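First up is the structure itself, then whatever we jot down about it.
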4 protein chains.
Amino acid sequence: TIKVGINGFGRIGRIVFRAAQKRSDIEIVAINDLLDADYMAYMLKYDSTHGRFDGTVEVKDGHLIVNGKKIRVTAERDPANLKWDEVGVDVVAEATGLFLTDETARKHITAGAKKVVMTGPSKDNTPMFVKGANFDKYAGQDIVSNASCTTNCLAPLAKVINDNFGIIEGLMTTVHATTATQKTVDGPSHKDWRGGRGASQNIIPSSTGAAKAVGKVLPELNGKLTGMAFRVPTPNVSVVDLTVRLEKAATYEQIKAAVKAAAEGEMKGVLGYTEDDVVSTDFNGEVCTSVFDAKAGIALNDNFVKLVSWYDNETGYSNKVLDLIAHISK
Amino acid sequence: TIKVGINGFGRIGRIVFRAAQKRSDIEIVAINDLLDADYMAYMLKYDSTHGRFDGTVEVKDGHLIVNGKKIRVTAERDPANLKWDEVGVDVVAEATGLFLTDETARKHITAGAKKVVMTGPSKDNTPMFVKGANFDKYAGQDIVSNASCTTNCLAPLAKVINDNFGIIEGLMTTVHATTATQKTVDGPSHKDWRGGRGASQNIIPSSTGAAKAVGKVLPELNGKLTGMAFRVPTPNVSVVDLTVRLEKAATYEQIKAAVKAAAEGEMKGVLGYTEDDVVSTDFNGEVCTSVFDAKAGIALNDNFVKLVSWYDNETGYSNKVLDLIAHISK
Amino acid sequence: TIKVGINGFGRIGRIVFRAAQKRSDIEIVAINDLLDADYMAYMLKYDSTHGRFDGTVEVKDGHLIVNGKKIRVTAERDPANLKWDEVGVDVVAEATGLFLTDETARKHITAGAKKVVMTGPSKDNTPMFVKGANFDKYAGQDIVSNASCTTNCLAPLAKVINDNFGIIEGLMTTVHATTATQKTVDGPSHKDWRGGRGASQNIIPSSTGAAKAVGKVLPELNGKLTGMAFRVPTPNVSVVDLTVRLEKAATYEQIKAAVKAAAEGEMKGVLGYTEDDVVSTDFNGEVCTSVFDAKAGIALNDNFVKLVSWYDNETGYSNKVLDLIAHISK
Amino acid sequence: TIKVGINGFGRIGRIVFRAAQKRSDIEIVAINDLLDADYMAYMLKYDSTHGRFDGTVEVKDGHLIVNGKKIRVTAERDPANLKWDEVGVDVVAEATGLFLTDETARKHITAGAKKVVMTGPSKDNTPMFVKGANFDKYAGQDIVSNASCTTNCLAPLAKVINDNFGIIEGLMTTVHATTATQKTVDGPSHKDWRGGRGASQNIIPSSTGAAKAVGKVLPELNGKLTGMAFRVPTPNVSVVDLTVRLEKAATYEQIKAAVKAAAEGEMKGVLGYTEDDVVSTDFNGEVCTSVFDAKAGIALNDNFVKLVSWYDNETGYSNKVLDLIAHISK
Ligand SMILES: NC(=O)c1ccc[n+]([C@@H]2O[C@H](COP(=O)([O-])OP(=O)(O)OC[C@H]3O[C@@H](n4cnc5c(N)ncnc54)[C@H](O)[C@@H]3O)[C@@H](O)[C@H]2O)c1
Ligand SMILES: NC(=O)c1ccc[n+]([C@@H]2O[C@H](COP(=O)([O-])OP(=O)(O)OC[C@H]3O[C@@H](n4cnc5c(N)ncnc54)[C@H](O)[C@@H]3O)[C@@H](O)[C@H]2O)c1
Ligand SMILES: NC(=O)c1ccc[n+]([C@@H]2O[C@H](COP(=O)([O-])OP(=O)(O)OC[C@H]3O[C@@H](n4cnc5c(N)ncnc54)[C@H](O)[C@@H]3O)[C@@H](O)[C@H]2O)c1
Ligand SMILES: NC(=O)c1ccc[n+]([C@@H]2O[C@H](COP(=O)([O-])OP(=O)(O)OC[C@H]3O[C@@H](n4cnc5c(N)ncnc54)[C@H](O)[C@@H]3O)[C@@H](O)[C@H]2O)c1
């Protein structure tokens, strides 16, 4: 049993919590956000996207009792005041989206935690890991990042394609679901003007470093990929549209065979494969971080192809956050 | 020319600004928010709901030049530091949604303004006015409130019905468009748990004092009305569903005749009337604050009827804010 | 087990099929629609609203094999040519929405079925039964109707209120989710002009006979209720807003006490009760046909109140279709 | 003036009608569809996407009177029985989407019309013309096609890029608004299974021949482009995402310079250029068929870039249908 403490009970914090209930090796013993225990119990119980929590949630004496287990609840705005050691926290899932550098996240280690896993791309040199891409390179570091949802989708796919055919260069577009940082109606978003426009009314272009980041987890692809994003009016589930130029010519059939083989072997549980007429909602709740859509992709010729891969930006990522926690715990 | 200064360039501040361009008696000479002049120019220029601004917008030396006219731009968080007198501001349209009491709004008068019009229901005893209901009671007060969008819809209708048939009692439901206070995905809303749930995914019940407030503008209806609201996934335009018990029996035809007559006489420009098969988008940009939908209403009997009335929560209200400004300016 | 055959594998037909899987007493043995087995398998497997089918579905020799059981598949456009004889069908869930009269629905009896349950309100005098309102009135009829989803929500609530406090008169509004009947963009809808307007962009007023239909399942309420609907931009789950005038004075606390009592007693499984800050998505998958929202309702006085009740228009109703099938087969 | 007759008063037929009102050279004198004059008047008057018709529309003796001009109204399901002779129709805007071949469309010539413009891509070899790409190639043909909305967006852009830097190969994706073809809720769509899934709930992968179709209006690009689409939850306005490999090295600044030059010169009115932080709604009502988004695009290197261009799939295209009508009538 690895004892985890969650900082930031948001979309990711809550989905990591629900995913943890199905794992015997990991156990959440404390949660911090800036909310009351009864309000947190409410956000755990009901979810517009994923449905009602299956289990019991009761608030007793300012703490949560979920399925019998007692969970310490705090509302400390500063991580240094979390006292993770009081509850015996081994690893902390840093999910606020505010402490993405070694110095801010290190506060949890000062507070008594042993290791920290950021649930977003680090903003400094903190190493990023993506399952299926470079977990094996982990060298015992105490602060680590699980990268972004888009990088978790792109990397495993990019790896299989490169290994078999060699990527000369590629450009990616992610059609992404609306997130907590957007607005309901045209509002202020000083650092992202487009991002402040009404989410339900618009297709909103957005820049993203998720493609370039693949170079950090798969060094051999460094400098060969980049891309952008379009935010669209759906509440969850996104898709990667990767246009790549191949070194070795490969028919679309050969590409499908390579992906399927990896989906069934080395990357089972990370990379998925499908030939069904799927749409985004079909992946709501999906745990695989990259699901190759065989019928959506199209090849101009044997060396220039467009590949499509689905990912539940909330669920797949959250499950891999747990995987990384177990991994770094040996 | 009445010189107006806008505090809070939000949905209401921006729509009041655009409506003012079509009025010769009123002129905006200054705007305050917590944004840069170039960002404000951007929010003025493009609107997801109402389209591009028709006119020229240029940012010169930290100020706006709209259709030739220079408009002072400030970003003072505290109203007491606005120096409205420097630009000769007569009336201020208080549109931040934060200064709804005499003492907070009075800061604008300290800052050099002569009168203040709140664009929301006052939270204290500041008098509320609704065009078609009680503008004639205005007695020279310096701080005034234009009430809420729902009250502006309900009051003129309630008045005509009461005058002709006498309201014994009534309960109102407003199916309302999503607003800036809601969330894109399930998030924190400590003072309104339902209001924090994903806006595009849900029908969200909400309490509202808009019905009871009709009693403040039409004292004779005090204690006879109340209601609630359902927030739905549309970006603009709302509708009042009023269930009333009548003193004098009246056929639905008689009710239509009374409303139409008022729409064409005493309440022209405030109360509208229609017999078309309309839907919400048909009122996007509507200036009348209450548009009676003759075909949507239904009568159980001559003394118990359900009446339906549309209102563009942004445009109708903004236009009446301007009307009140002119009214109080004599 | 009762062998059931489904005619019309649409939204209701499909949800009835899923619900039946969780019942030991009912068993679906044949399905009819105008689609190939492969397409039917795909529609069962994937659902945008309810998620992926919980089980295995294969196609073998033009027939479905769901969870190992063979299910005869057909494409007869005429009920008479269905041969329910062969497959041993006892009751038919008539879900096409085309045969809502004895004349047409009786073709299933001709075709070998013993009884028929229409999944919509009968257009002739075929008796309608609503669980919680009049199942006890069933008198051996071979063709019955399960009324509509809205009536299934309103009846159980209206009975509890009437029985305890006496409903003098009431007017209802249902804020309803979008249905297959609507258009994605402004299109032709000859029968109902408002209904052809873009579903996602509008609040669309609509007529409904659901309130009057209550008078047929609860005669004591005949002529005392009527209402209308507002179709809004959500994919599933609706809510009734009932404004009633009470004979016996009752405080909101007493109304709550009565409803809660019925929910835990005589109407267990039909009428639910909640005091949480729920929103529409919290009922997606809900089995009870009427879930009373304690906190959403509001009373003007002891004899005039607004009551709010939720219902998953697809799931609750479908489970009740199965309940009626069990009932008329006792 | 050119007297035009419209066949198919759908989205395109209606928007072509509105656009024609703003043109002195074209004049609509007759409309045909399978709807009554009253219903047609209602559909013209109210539009969920484009607002209320700017003018007067009356029905008199089963015919429309728009802005004082009489417009013959008909309901012939067969083109041959249209008698365009009587009304003096020169060109027919064939917008039903049913007659996309010479064989079928020629019935209008039989019926008295001089020429025909199909508002969709021809299914046979009827030549296609795209303003900005090959209008200059028109050689007197009496039946021509205006291609599709997507091709109208892609062609002008592809020509400017190819002419200046040489396109070796390209792969495109169009993130497209919802169309009348889609379903509001999971429904039957035999031809395209993904297309029957709930439009509002999903990102739906789709095929498109628009990229290949570029090869027919710009032969030099035949076999060098192909692509796909993603249908998303918005009512109007789409965007092409073009990933191309350049023969001649060009920096993004040089690509911008070339596009801006074409927008202000040879392609004025067809191809637009912008550097603002625009989103989809900013193009609702846009006349240019391809608006280059300078800031959204991204280059990996001097020979591999992603270009982004916006288009109001209804308005731009409709204005171009009028341009082609003017062109083939010179
Ligand atoms: N939403 C996704 O699809 C997704 C996927 C992968 C990674 N992420 C990343 O994970 C992080 C969280 O994103 P989210 O979508 O879950 O956001 P969110 O806004 O839903 O969650 C943020 C939570 O942190 C809480 N919080 C804010 N300040 C806090 C503080 N000082 N101390 C403790 N708690 C605080 C908030 O109250 C909130 O509940 C971000 O880095 C985001 O980029 C998001
Ligand atoms: N949206 C509607 O339909 C509607 C209709 C009628 C009345 N109202 C009311 O009007 C008010 C504004 O609502 P809105 O929807 O326009 O909101 P909004 O959030 O769109 O506008 C608020 C604006 O005020 C600015 N602001 C915040 N703090 C400020 C400060 N201290 N100083 C200056 N500017 C500041 C914000 O940056 C923002 O641009 C509220 O009282 C609201 O209830 C809204
Ligand atoms: N969906 C709801 O919210 C709801 C709730 C309660 C009752 N109902 C009722 O259920 C019935 C169907 O509604 P729905 O929502 O399932 O609609 P739907 O359009 O999804 O289902 C209709 C199905 O019937 C099939 N069909 C059509 N003609 C057929 C024929 N001649 N023979 C066999 N199959 C045929 C169609 O292929 C389609 O799959 C209606 O009476 C409706 O009023 C719907
Ligand atoms: N809407 C877009 O985004 C778009 C863009 C470019 C091209 N188009 C094309 O325009 C054509 C129509 O598309 P739409 O979007 O206008 O669809 P739509 O369904 O809105 O319009 C079709 C219209 O044709 C009418 N109609 C059907 N049969 C008829 C008949 N036999 N005789 C007369 N009228 C008949 C229908 O009543 C309907 O009003 C198609 O070829 C489509 O590909 C559409």
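Ligands are numbered from 1 in the order shown, chains are lettered A, B, ... in the order of the structure tokens, and residues start at 1 in each chain.
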
task = Check which residues fall inside 6 Å of ligand 3 when counting only C-alpha atoms and all ligand atoms, and print them as a PyMOL selection string.
result = (chain C and resi 7-13+32-34+77+95-97+119-120+148-149+180+313-314+317) or (chain D and resi 187)

key: Backbone DSSP call of alpha helix (DSSP H) for region 79-320 of chain B, listed as a PyMOL selection string   = chain B and resi 102-105+107-110+149-165+214-217+252-264+315-320

Write a file of the selected residues as a PDB file, in the first residue's frame, keeping C-alpha atoms.
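Output below, filename again23.pdb:
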```
ATOM      1  CA  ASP B 102     -25.212  52.775  -1.427  1.00  0.00           C
ATOM      2  CA  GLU B 103     -21.869  52.921   0.342  1.00  0.00           C
ATOM      3  CA  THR B 104     -19.805  51.056  -2.232  1.00  0.00           C
ATOM      4  CA  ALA B 105     -21.478  52.746  -5.221  1.00  0.00           C
ATOM      5  CA  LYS B 107     -17.531  56.014  -4.157  1.00  0.00           C
ATOM      6  CA  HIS B 108     -18.225  57.117  -7.732  1.00  0.00           C
ATOM      7  CA  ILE B 109     -19.863  60.293  -6.454  1.00  0.00           C
ATOM      8  CA  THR B 110     -16.810  60.926  -4.290  1.00  0.00           C
ATOM      9  CA  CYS B 149     -33.088  41.378 -16.263  1.00  0.00           C
ATOM     10  CA  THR B 150     -35.832  39.019 -14.986  1.00  0.00           C
ATOM     11  CA  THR B 151     -37.612  41.777 -13.051  1.00  0.00           C
ATOM     12  CA  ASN B 152     -37.519  43.973 -16.169  1.00  0.00           C
ATOM     13  CA  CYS B 153     -39.305  41.190 -18.020  1.00  0.00           C
ATOM     14  CA  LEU B 154     -41.782  40.264 -15.299  1.00  0.00           C
ATOM     15  CA  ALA B 155     -42.855  43.698 -14.007  1.00  0.00           C
ATOM     16  CA  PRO B 156     -44.332  45.323 -17.162  1.00  0.00           C
ATOM     17  CA  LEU B 157     -46.259  42.130 -17.896  1.00  0.00           C
ATOM     18  CA  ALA B 158     -47.432  41.711 -14.277  1.00  0.00           C
ATOM     19  CA  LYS B 159     -48.651  45.319 -14.308  1.00  0.00           C
ATOM     20  CA  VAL B 160     -50.860  44.998 -17.391  1.00  0.00           C
ATOM     21  CA  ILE B 161     -52.341  41.731 -16.131  1.00  0.00           C
ATOM     22  CA  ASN B 162     -53.015  43.153 -12.664  1.00  0.00           C
ATOM     23  CA  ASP B 163     -54.500  46.410 -13.980  1.00  0.00           C
ATOM     24  CA  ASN B 164     -56.990  44.610 -16.170  1.00  0.00           C
ATOM     25  CA  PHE B 165     -57.803  41.457 -14.227  1.00  0.00           C
ATOM     26  CA  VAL B 214     -41.602  43.046  -8.499  1.00  0.00           C
ATOM     27  CA  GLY B 215     -43.176  44.100  -5.193  1.00  0.00           C
ATOM     28  CA  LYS B 216     -40.619  46.881  -4.775  1.00  0.00           C
ATOM     29  CA  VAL B 217     -41.411  48.526  -8.117  1.00  0.00           C
ATOM     30  CA  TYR B 252     -57.162  33.896 -23.175  1.00  0.00           C
ATOM     31  CA  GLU B 253     -58.337  36.066 -26.051  1.00  0.00           C
ATOM     32  CA  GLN B 254     -59.152  38.900 -23.676  1.00  0.00           C
ATOM     33  CA  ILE B 255     -55.718  38.569 -22.095  1.00  0.00           C
ATOM     34  CA  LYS B 256     -54.037  38.806 -25.516  1.00  0.00           C
ATOM     35  CA  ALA B 257     -56.041  41.925 -26.358  1.00  0.00           C
ATOM     36  CA  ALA B 258     -55.017  43.625 -23.094  1.00  0.00           C
ATOM     37  CA  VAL B 259     -51.297  42.855 -23.653  1.00  0.00           C
ATOM     38  CA  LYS B 260     -51.358  43.892 -27.320  1.00  0.00           C
ATOM     39  CA  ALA B 261     -53.110  47.142 -26.507  1.00  0.00           C
ATOM     40  CA  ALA B 262     -50.453  47.984 -23.898  1.00  0.00           C
ATOM     41  CA  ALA B 263     -47.678  46.904 -26.270  1.00  0.00           C
ATOM     42  CA  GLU B 264     -49.044  49.415 -28.802  1.00  0.00           C
ATOM     43  CA  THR B 315     -29.633  43.757 -24.901  1.00  0.00           C
ATOM     44  CA  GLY B 316     -33.050  44.657 -23.521  1.00  0.00           C
ATOM     45  CA  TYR B 317     -31.628  45.354 -20.085  1.00  0.00           C
ATOM     46  CA  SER B 318     -28.684  47.413 -21.431  1.00  0.00           C
ATOM     47  CA  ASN B 319     -31.028  49.607 -23.455  1.00  0.00           C
ATOM     48  CA  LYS B 320     -33.190  50.238 -20.389  1.00  0.00           C
TER      49      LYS B 320
END
```

request  = Pull out every residue of chain C that has at least one atom within 10 Å of chain D, counting only C-alpha atoms, and report them as number ranges by chain.
outcome  = C: 10-11, 34-36, 39-40, 42-43, 46-49, 178-190, 193, 196-202, 233-236

Let me see the file: selected residues, N, CA and C atoms, as a short mmCIF file (atom, residue, chain, number, x, y, z; two decimals), in the first residue's frame.
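Heads up, here's the output in selection_36.cif:
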```
data_model
loop_
_atom_site.label_atom_id
_atom_site.label_comp_id
_atom_site.auth_asym_id
_atom_site.auth_seq_id
_atom_site.Cartn_x
_atom_site.Cartn_y
_atom_site.Cartn_z
N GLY C 10 -35.07 1.66 -31.46
CA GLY C 10 -34.62 3.04 -31.36
C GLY C 10 -34.11 3.30 -29.96
N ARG C 11 -34.16 4.56 -29.53
CA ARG C 11 -33.69 4.95 -28.21
C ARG C 11 -34.38 4.14 -27.11
N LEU C 34 -35.77 -1.80 -39.22
CA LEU C 34 -35.42 -1.81 -40.63
C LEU C 34 -33.90 -1.64 -40.79
N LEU C 35 -33.12 -2.27 -39.91
CA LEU C 35 -31.65 -2.17 -39.97
C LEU C 35 -31.04 -3.56 -40.02
N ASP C 36 -29.84 -3.67 -40.59
CA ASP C 36 -29.15 -4.95 -40.66
C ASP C 36 -28.61 -5.29 -39.28
N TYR C 39 -25.54 -3.36 -38.13
CA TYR C 39 -25.80 -2.00 -37.71
C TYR C 39 -26.45 -2.01 -36.33
N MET C 40 -27.36 -2.95 -36.11
CA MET C 40 -28.03 -3.05 -34.82
C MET C 40 -27.04 -3.35 -33.71
N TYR C 42 -23.90 -2.53 -33.64
CA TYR C 42 -23.14 -1.30 -33.44
C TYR C 42 -23.92 -0.31 -32.56
N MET C 43 -25.21 -0.13 -32.84
CA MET C 43 -26.04 0.78 -32.05
C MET C 43 -26.24 0.32 -30.61
N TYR C 46 -22.46 0.82 -28.76
CA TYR C 46 -22.07 2.19 -28.45
C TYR C 46 -23.26 3.12 -28.25
N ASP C 47 -23.23 3.92 -27.19
CA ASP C 47 -24.30 4.87 -26.92
C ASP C 47 -23.70 6.18 -26.43
N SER C 48 -23.98 7.29 -27.11
CA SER C 48 -23.42 8.57 -26.71
C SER C 48 -23.88 9.01 -25.35
N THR C 49 -25.11 8.66 -24.99
CA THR C 49 -25.66 9.04 -23.69
C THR C 49 -25.42 8.05 -22.55
N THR C 178 -33.53 17.39 -25.51
CA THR C 178 -33.71 17.27 -26.95
C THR C 178 -34.06 15.82 -27.32
N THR C 179 -34.93 15.63 -28.32
CA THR C 179 -35.29 14.28 -28.76
C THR C 179 -34.97 14.08 -30.24
N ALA C 180 -35.07 12.83 -30.69
CA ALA C 180 -34.79 12.45 -32.08
C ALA C 180 -35.67 13.17 -33.10
N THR C 181 -36.74 13.77 -32.60
CA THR C 181 -37.69 14.49 -33.43
C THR C 181 -37.17 15.83 -33.92
N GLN C 182 -36.25 16.41 -33.17
CA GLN C 182 -35.71 17.72 -33.50
C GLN C 182 -34.67 17.78 -34.63
N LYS C 183 -34.30 18.99 -35.04
CA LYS C 183 -33.32 19.20 -36.12
C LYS C 183 -32.04 19.79 -35.57
N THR C 184 -30.92 19.45 -36.20
CA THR C 184 -29.62 19.96 -35.76
C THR C 184 -29.41 21.41 -36.17
N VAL C 185 -30.09 21.79 -37.24
CA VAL C 185 -29.98 23.12 -37.80
C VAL C 185 -31.39 23.45 -38.32
N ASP C 186 -31.74 24.73 -38.44
CA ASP C 186 -33.07 25.13 -38.93
C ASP C 186 -33.48 24.33 -40.16
N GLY C 187 -34.46 23.46 -39.98
CA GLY C 187 -34.94 22.64 -41.07
C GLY C 187 -36.46 22.54 -41.08
N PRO C 188 -37.03 21.87 -42.10
CA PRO C 188 -38.48 21.68 -42.26
C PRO C 188 -39.06 20.79 -41.16
N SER C 189 -40.22 21.20 -40.67
CA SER C 189 -40.96 20.53 -39.61
C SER C 189 -42.37 21.12 -39.79
N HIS C 190 -43.06 20.64 -40.83
CA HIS C 190 -44.41 21.10 -41.21
C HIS C 190 -45.44 21.10 -40.08
N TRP C 193 -43.69 24.13 -36.55
CA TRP C 193 -42.67 25.06 -36.97
C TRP C 193 -41.55 25.33 -35.97
N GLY C 196 -38.68 22.70 -35.74
CA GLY C 196 -37.70 22.53 -36.81
C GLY C 196 -36.50 23.45 -36.63
N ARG C 197 -36.58 24.36 -35.67
CA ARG C 197 -35.49 25.29 -35.42
C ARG C 197 -34.32 24.56 -34.75
N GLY C 198 -33.09 25.00 -35.03
CA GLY C 198 -31.89 24.38 -34.50
C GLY C 198 -31.98 24.01 -33.03
N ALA C 199 -31.91 22.71 -32.74
CA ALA C 199 -32.03 22.22 -31.37
C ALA C 199 -30.97 22.74 -30.41
N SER C 200 -29.73 22.79 -30.87
CA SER C 200 -28.62 23.21 -30.02
C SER C 200 -28.56 24.69 -29.74
N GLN C 201 -29.18 25.48 -30.60
CA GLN C 201 -29.14 26.92 -30.44
C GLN C 201 -30.31 27.52 -29.69
N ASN C 202 -31.38 26.76 -29.48
CA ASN C 202 -32.58 27.36 -28.90
C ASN C 202 -33.29 26.75 -27.71
N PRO C 233 -31.30 22.57 -25.07
CA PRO C 233 -30.08 21.92 -25.56
C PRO C 233 -29.34 20.89 -24.69
N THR C 234 -30.02 19.86 -24.19
CA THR C 234 -29.35 18.81 -23.45
C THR C 234 -29.77 17.51 -24.11
N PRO C 235 -28.90 16.49 -24.09
CA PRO C 235 -29.17 15.19 -24.72
C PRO C 235 -30.13 14.22 -24.02
N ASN C 236 -30.30 14.36 -22.71
CA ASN C 236 -31.17 13.45 -21.97
C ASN C 236 -31.45 14.06 -20.59
#
```

task = Using DSSP on the backbone, list every residue of region 10-237 of chain A that comes out as strand (DSSP E or B), and give them as JSON, numbers by chain.
result = {"A": [26, 27, 28, 29, 30, 31, 32, 57, 58, 59, 60, 63, 64, 65, 66, 69, 70, 71, 72, 73, 74, 91, 92, 93, 94, 115, 116, 117, 118, 128, 143, 144, 145, 167, 168, 169, 170, 171, 172, 173, 174, 175, 176, 177, 183, 198, 204, 205, 206, 207, 225, 226, 227, 228, 229, 230, 231, 232]}

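Using only C-alpha atoms, the protein and nucleic acid residues lying no more than 12 Å from residue 70 (chain A), apart from those fewer than 2 places from it along its own chain, are residues 27, 28, 29, 30, 31, 56, 57, 58, 59, 60, 61, 62, 63, 64, 65, 66, 67, 68, 72, 73 and 87 of chain A.
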
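In this structure, CA of residue 92 (chain C) sits 22.5 Å away from CA of residue 38 (chain C).
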
inquiry  = List as a list in words the protein and nucleic acid residues near residue 112 (chain D), meaning an atom at most 9 Å away when only C-alpha atoms are counted, but skip any in the same chain fewer than 6 places from it.
reply    =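 Counting only the stated atoms, we get residues 80, 82, 83, 84, 85, 86, 88, 89 and 90 of chain D.
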
Can you write just those residues out, C-alpha atoms, as a compact mmCIF listing (two decimals), in the first residue's frame?
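Resulting contents of part10.txt:
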```
# COMPACT_ATOMS: atom_id res chain seq x y z
CA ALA D 80 -38.94 19.55 -65.62
CA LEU D 82 -40.97 24.18 -63.20
CA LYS D 83 -41.87 26.46 -66.14
CA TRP D 84 -39.06 28.97 -65.51
CA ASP D 85 -40.22 30.36 -68.89
CA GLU D 86 -43.20 32.21 -67.39
CA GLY D 88 -38.29 34.84 -67.08
CA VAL D 89 -35.54 32.96 -65.24
CA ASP D 90 -32.08 33.26 -66.80
```
